[PDB]
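Report on the structure
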Number of protein chains: 4
Amino acid sequence: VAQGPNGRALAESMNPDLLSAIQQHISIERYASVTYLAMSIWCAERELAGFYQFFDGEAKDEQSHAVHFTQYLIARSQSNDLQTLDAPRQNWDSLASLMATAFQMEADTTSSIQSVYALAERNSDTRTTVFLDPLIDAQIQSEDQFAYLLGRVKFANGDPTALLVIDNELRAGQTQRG
Amino acid sequence: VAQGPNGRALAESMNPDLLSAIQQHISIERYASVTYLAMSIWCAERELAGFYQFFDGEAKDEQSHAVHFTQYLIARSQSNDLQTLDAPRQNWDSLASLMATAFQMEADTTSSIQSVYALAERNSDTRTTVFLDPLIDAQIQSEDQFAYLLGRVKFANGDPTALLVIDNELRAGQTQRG
Amino acid sequence: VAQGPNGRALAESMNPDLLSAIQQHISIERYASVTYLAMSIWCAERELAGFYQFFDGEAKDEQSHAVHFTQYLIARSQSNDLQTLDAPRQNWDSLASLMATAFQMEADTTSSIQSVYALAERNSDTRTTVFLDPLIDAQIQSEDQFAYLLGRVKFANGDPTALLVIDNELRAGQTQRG
Amino acid sequence: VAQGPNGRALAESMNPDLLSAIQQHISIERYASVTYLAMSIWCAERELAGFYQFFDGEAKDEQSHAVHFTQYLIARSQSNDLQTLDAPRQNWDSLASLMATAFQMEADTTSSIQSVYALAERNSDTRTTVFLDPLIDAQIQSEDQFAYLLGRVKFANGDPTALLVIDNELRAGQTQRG
Ligand SMILES: [Cl-]
Ligand SMILES: [Cl-]
Ligand SMILES: [Cl-]
Ligand SMILES: [Cl-]
Ligand SMILES: [Cl-]
Ligand SMILES: [Cl-]
Ligand SMILES: [Cl-]
Ligand SMILES: [Cl-]
Ligand SMILES: [Cl-]
Ligand SMILES: [Cl-]
Ligand SMILES: [Cl-]
Ligand SMILES: [Cl-]
Ligand SMILES: [Fe+3]
Ligand SMILES: [Fe+3]
Ligand SMILES: [Fe+3]
Ligand SMILES: [Fe+3]
Ligand SMILES: [Fe+3]
Ligand SMILES: [Fe+3]
Ligand SMILES: [Fe+3]
Ligand SMILES: [Fe+3]
Ligand SMILES: [Fe+3]
Ligand SMILES: [Fe+3]
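Overview of helix 1 (residues 16–45) of chain D
An ideal rise of 1.5 Å per residue puts 44 Å on 30 residues; helix 1 of chain D measures up with 44 Å between its terminal C-alpha atoms. The backbone nitrogen of D:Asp17 has a side-chain oxygen 2.7 Å away, supplied by the residue at the start of helix 1 of chain D, namely D:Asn15.

Quick word on the UniProt feature "binding site: Fe(3+) 2" (unreviewed entry) in chain A
All names here are of chain A. According to UniProt, the feature "binding site: Fe(3+) 2" (unreviewed entry) maps to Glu62 and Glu106 in the numbering used here. Taken along the chain, the residues just named run across 45 residues; in space they keep tight, none of their C-alpha pairs more than 10.1 Å apart. Position of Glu62 relative to the elements: it lies in helix 2 (residues 49–75). For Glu62, the residues in contact, after removing those within four places along its chain, are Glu29, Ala32, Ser33, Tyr36 and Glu106. Structurally, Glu106 is set in helix 3 (residues 95–122). Among the residues examined, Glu106 registers a relative accessible area of 0% and is labelled buried. Not counting residues within four places of it along the chain, the set of residues in contact with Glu106 comprises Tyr36, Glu62, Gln139, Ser142, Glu143 and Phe146.

Describing the coordination of the iron ion (ligand 13)
Residue and element names in this part refer to chain A. Only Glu29 (OE), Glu62 (OE) and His65 (ND1) from the protein coordinate the iron ion (ligand 13), and they sit 2.0 to 2.2 Å from it. Donor residues binding the iron ion (ligand 13) come from one chain and are separated in sequence as E-x32-E-x2-H. A gap of 3.5 Å separates the iron ion (ligand 13) and the iron ion (ligand 14), which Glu62 links by coordinating each metal. Note that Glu29 is positioned in helix 1 (residues 16–45) and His65 in helix 2, a separation of 36 residues in sequence. Here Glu29 falls in the buried class, since its relative accessible area comes to 2%. A relative accessible area of 31% means that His65 is categorised as partly exposed.

Regarding the relation of the copies chain A and chain C
When chain A is fitted to chain C, the best match, at an RMSD of 0.0 Å, comes from turning it 180 degrees and sliding it 0.0 Å along the axis. Expressed as a symmetry operation, the mapping of one chain copy onto the other fits a two-fold axis. Of every C-alpha in chain A, the one belonging to A:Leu85 sits nearest the axis of rotation, 2.4 Å from it. Of all interface residues in chain A, 100% are interface residues in chain C too; the two copies therefore contact each other through one and the same surface.

Notes on the arrangement of the chains
Of all 5 pairs of chains in contact, the one with the most contacts involves chains A and C. Separated without contact, chain B and chain D have their nearest C-alpha atoms at a distance of 33 Å.

Focus on the UniProt feature "binding site: Fe(3+) 3" (unreviewed entry) in chain A
UniProt tags A:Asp133 as "binding site: Fe(3+) 3" (unreviewed entry). In contact with A:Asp133, not counting residues within four places along its chain, are A:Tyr117 and D:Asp133.

Regarding the pattern of salt bridges
When charged atoms on two side chains of opposite charge get close, those side chains can pair. All chains considered together, the criterion is met by 32 salt bridges over all chains. A salt bridge links B:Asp125 to B:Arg76; its shortest N-O distance comes to 3.2 Å. Residue B:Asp125 is found in the loop between helix 3 (95–122) and helix 4 (126–156), and its partner B:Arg76 is found in the loop between helix 2 (49–75) and helix 3; the two are separated by 49 residues along the sequence. Of the two residues, B:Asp125 and B:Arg76, neither departs from the other in class, the shared state being buried. For B:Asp144, the salt bridge goes to B:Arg177, with nearest N and O atoms at 2.8 Å. Taken together, the residues B:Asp144 in helix 4 and B:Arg177 in the segment after helix 5 (160–171) connect sequence positions 33 residues apart. Of the two residues, B:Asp144 and B:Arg177, both sit in the buried class. Look at the salt bridges and you will find they share partners, linking A:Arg8, C:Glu47, D:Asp144 and D:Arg177 into a network.

Observations concerning the interface of chain A and chain C
At the interface, 29 residues of chain A touch 29 residues of chain C. Summing both sides of the interface, chain A and chain C together bury roughly 2300 Å²; the carbon and sulfur share of this comes to 55%. For chain A, the biggest contributors to the area lost against chain C are A:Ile41, A:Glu45 and A:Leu82; these three give 24% of the whole. Where chain A packs against chain C, one counts 2 salt bridges.

Quick notes on the interface of chain B and chain C
The interface of chain B with chain C comprises 18 residues on the first partner and 16 residues on the second. Carbon and sulfur atoms make up 57% of the surface buried where chain B meets chain C, a total of about 1400 Å² over both sides. For the chain B face of the interface with chain C, the top three residues by lost area are B:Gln114, B:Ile140 and B:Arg177, together amounting to 33%. Counting across the chain B and chain C interface gives 2 salt bridges. Salt-bridge contacts for C:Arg8 lead to B:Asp144; the nearest nitrogen and oxygen are separated by 2.8 Å. At the boundary of chain B and chain C, one finds 5 residue pairs in polar contact. Secondary-structure elements contributing two or more residues to the side of chain B that touches chain C are helix 3 and helix 4 of chain B. The greatest single-element share of the side of chain B that touches chain C, amounting to 10 residues, is contributed by helix 4 of chain B. The class makeup of the residues in the side of chain B that touches chain C is 9 nonpolar, 3 polar and 6 charged.

A few points about the relation of the copies chain B and chain C
Placing chain B over chain C gives an RMSD of 0.0 Å and needs a rotation angle of 120 degrees, together with 0.0 Å of translation along the axis. Taken together, the rotation and translation relating the two chain copies correspond to the operation of a three-fold axis. Rotation axis and chain B: the residue whose C-alpha lies nearest the axis is B:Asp133, separated from it by 5.3 Å. Interface overlap between copies is the fraction of interface residues in one copy that are interface residues in the other; for chain B against chain C it is only 6%, indicating separate surfaces.

Description of the packing of helix 1 of chain D against helix 2 (residues 49–75) of chain D
All names here are of chain D. One way to put it is that helix 1 packs onto helix 2 with a least axis distance of 7 Å and a crossing angle of 165 degrees. Relative to helix 2, the element helix 1 lies roughly antiparallel. When the axes of helix 1 and helix 2 are compared, the crossing they make is left-handed. A per-class count over the contact of helix 1 with helix 2 returns 17 nonpolar, 7 polar and 5 charged.

Details of the coordination of the iron ion (ligand 17)
Residue and element names in this part refer to chain C. At 2.0 to 2.2 Å from the iron ion (ligand 17) lie its protein donor atoms, namely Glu29 (OE), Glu62 (OE) and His65 (ND1). The iron ion (ligand 18) is placed at 3.5 Å from the iron ion (ligand 17), the two being bridged by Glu62. Here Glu62 pairs with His65, and both are found in helix 2 (residues 49–75), just 3 residues apart, close to one helical turn. Judged by relative accessible area, which is 2%, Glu62 ranks as buried.

So, the nonpolar core
Grouped together as the largest cluster of nonpolar side chains are 108 residues, with contacts concentrated most on A:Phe51, A:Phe55, A:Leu95, C:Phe51, C:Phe55 and C:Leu95. For C:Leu95, the contacting residues outside a window of four places in its chain are C:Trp42, C:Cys43, C:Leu48, C:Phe51, C:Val153 and C:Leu163. Core analysis: the next-biggest nonpolar cluster, separate from the first, contains 33 residues, A:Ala11, D:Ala32, D:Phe54 and D:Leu150 among them.

As for the packing of aromatic side chains
Two numbers describe a pair of aromatic rings. These are the distance of the centres and the angle of the planes. A full pass over the atoms with the stated rule returns 28 aromatic pairs over all chains. With 5.7 Å between their ring centres and 50 degrees between their planes, D:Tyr36 and D:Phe146 make a pair best called tilted. Here D:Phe146 lies in helix 4 (residues 126–156) and D:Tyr36 lies in helix 1, a separation of 110 residues in the sequence. Relative accessible area serves as the criterion here: at 0%, D:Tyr36 is assigned to the buried category. D:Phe146 sits in the buried class, given a relative accessible area of 0%. Site record: aromatic cluster; members linked through ring pairs are A:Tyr36, A:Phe54, A:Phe55 and A:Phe146. The side chain of B:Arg177 reaches across the aromatic face of A:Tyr52, ending 5.8 Å from its centre.

Each value, and the rule that gives it
Chain by chain, residues are numbered from 1 following the written sequence, and this numbering need not agree with the entry; no residue without coordinates is displayed. Labels follow written order: the first chain is A, the first ligand is 1, and so on. These chains belong to a larger assembly; the values given apply solely to the chains on display. The side-chain figures draw on all heavy atoms in the structure; neither hydrogens nor water molecules are used. A run of H or I in DSSP counts as a helix once it spans at least four residues, and a run of E counts as a strand once it spans at least two, with each numbered from the N terminus. Working rule for helices: expected span equals 1.5 Å times residues minus one. Contacts described as polar in this section are N or O atom pairs within 3.5 Å, which, within protein, must combine one atom able to donate a hydrogen with one able to accept it, while residues neighboring in sequence count only if both atoms come from side chains. UniProt positions are given in the numbering used here, feature names are shortened, and annotations may be inferred rather than shown by experiment. Two residues form a contact once any of their heavy atoms are found within 4.5 Å. The buried label applies to any residue whose accessible area, calculated with a 1.4 Å probe on protein chains only, is under 20% of its type's maximum; exposed applies above 50%, and partly exposed to all values in between. Any N, O or S atom lying within 2.8 Å of the metal counts as a donor, and for Na, K and Ca the limit rises to 3.2 Å; water is left out, so some sites can look incomplete. Alignment of the copies rests on a least-squares superposition of C-alpha atoms. Salt bridges are identified by distance alone: a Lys or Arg side-chain nitrogen within 4 Å of an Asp or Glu carboxyl oxygen. Summed over both partners, buried area is the accessible surface (1.4 Å probe) that two parts give up on being assembled. Note that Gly is not counted as nonpolar here; it falls among the polar residues with everything else outside the nonpolar set of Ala, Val, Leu, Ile, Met, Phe, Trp, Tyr, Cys and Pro and the charged set of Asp, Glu, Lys and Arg. For helices, the fitted axis covers only the stretch in contact; all axes are lines through C-alpha atoms, and the angles between them, taken along N-to-C directions, range from 0 to 180 degrees. When an angle is under 35 degrees it counts as roughly parallel; over 145 it counts as roughly antiparallel; between 65 and 115 it counts as roughly perpendicular; any other value is oblique. Note on convention: near helix rotated counterclockwise from far helix by under a right angle means a left-handed crossing. Clockwise means right-handed. Joining through side-chain atoms within 4.5 Å is the link that ties buried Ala, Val, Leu, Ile, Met, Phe, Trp, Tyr and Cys residues into a set, and such a set is a nonpolar core. The pairing test for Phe, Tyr and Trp rings, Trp by its six-membered ring, is centres within 6.5 Å, and the orientation test on the planes gives stacked under 30 degrees, edge-to-face over 60, and tilted for anything in between. Two conditions define a charge located above a ring, namely a distance within 6 Å from the ring centre to NZ of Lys or CZ of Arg, and an angle within 35 degrees of the ring normal.

This is the structure:
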């Protein structure tokens, strides 16, 4: 039995470029987390309590995704390399602008997973494509959800009254089309 | 065993300037109470039932704070001196103006506690600083809450529709960021 | 009513040096979080499942502490500034060495809080000292707990049998003297 | 409607090389089953009751996997061909050696599935890749589990005391990192 780079018994070796791509993707999930924390704060500063609660939860969920990836590297007997984390964006001129950045962050997270997926396919790493499949499915749902929240905020067209109504929807847990 | 100014057994004497400051602070709590009663009435007169219910409760809570302080003076064997109570402000041109006065009243209540706290420290009265610590913590929460309500009302920008939505939030007990 | 640096109504201004110190302390809590994540991974790589579960939870708790501080800055109408986060230490020669780093991380977190506390006192910021008091109390308990775990691991004197027994204690939730 | 090789209505023909590969893989699952039975016996002979119970269950689960594959061939209207089954390995010099063989057996089971998967892709058999996807996911978990058990036994470094502790873990159902 061979030993993997992290010292555990090795079921099958992993291409170093694929390993590097997964380590970088963990940083993307961690960066999404701190970005949603920054967004939660921006909303709290403007008394948008439902948006604050929503993004507070999204921050925790993205961190959970990051940990899920670190566990996959452990399972593959590969080394983890937790990286320096950039500071998030923290300033927006409007809730609509913030929600556009949020949607872009979600779509960019999917693009990162897609890049890992394509590298796994080039390397015939079926364990990794199987691992990523349900994460892509979750991303479809999250993109659908963020398009819904962004579109509803844009429909409000900057009217504070409409934004208060949507804020109360989010506080109540009404965060997707259903 | 020595007898304190109120006749009870005396655990430790209290500086008369500190005693006077606590008696004055009790008046500040009582004045906050009648101010919030006046605000509850102003809101009721304009059919803002959620704001009326909110300030009705705040009036009762501030009175409870006043009584809590009178009990501390009893516990320290110090005399209470219930003072003449000024009439509250009763007229405002808008809900936003009323909420600004409410926030100022809350911040001024904290400033009064801080002044007592500093006098207690100058006199090495550790019982009094310990007594005040949780009251300062409550004040942080109340300032956060009043900044939230004031900010939400200001966001409404005088639109009656938005103010009705917020009024219904308060009636439902949705009074802070959560 | 004045507006604070984050735009909310301002109960009382905060010294900019104290604000900077709190923002830096939030980074210390976030760094403790990612350090405990790195430690959880190191333990998982060596099949120390109880230590992995323990540090996984500590990572989540430290993140919660960081968010708790960001909420205090919101409550004080002060700006948050989420900073770049250093990569954690990730390599140790033994569990005893890892636990020494963990204890040091906990003690250093307390030292950071103490530095903020002293600055708040120099500035007569009683809200901040009151806010920090229960966090210092939690730190006493955490230092006691980490001294217990470190001491128990050192008592094992590198014997794998003893380390398996302690690992099973942690998996069962037996993590302090009780 | 066409009839498949097993006589049932045929939704889509299957490449004979892919069919042969699935029939061979069923033998691999059956061989894993009897191998884990042999390991359960070896452990029972040495009073390692927790390891005996663990491998007894693994033997039953691998047989269930084999039957799951036979049901897929039925669903595809393909013939099953149950093959002669080799005798398992039955002798090991130590529990660590046995656990290495167990890990290798698990990794080799995954390699067999991967070989079927690649053949299905070459033949554009999307039903078969979809069928195999959750089985690969289960294999990731089983490889992670067997790496954990092997690593814990190796950490024991042949100390009977440590092996008794781990044996009791397995009897209690504590068989993975959790
Ligand atoms: Cl920014
Ligand atoms: Cl907007
Ligand atoms: Cl951006
Ligand atoms: Cl008046
Ligand atoms: Cl108004
Ligand atoms: Cl006034
Ligand atoms: Cl390192
Ligand atoms: Cl050690
Ligand atoms: Cl260090
Ligand atoms: Cl043999
Ligand atoms: Cl052994
Ligand atoms: Cl063999
Ligand atoms: Fe994510
Ligand atoms: Fe996401
Ligand atoms: Fe009060
Ligand atoms: Fe008050
Ligand atoms: Fe902390
Ligand atoms: Fe800590
Ligand atoms: Fe306290
Ligand atoms: Fe199997
Ligand atoms: Fe298996
Ligand atoms: Fe799938």
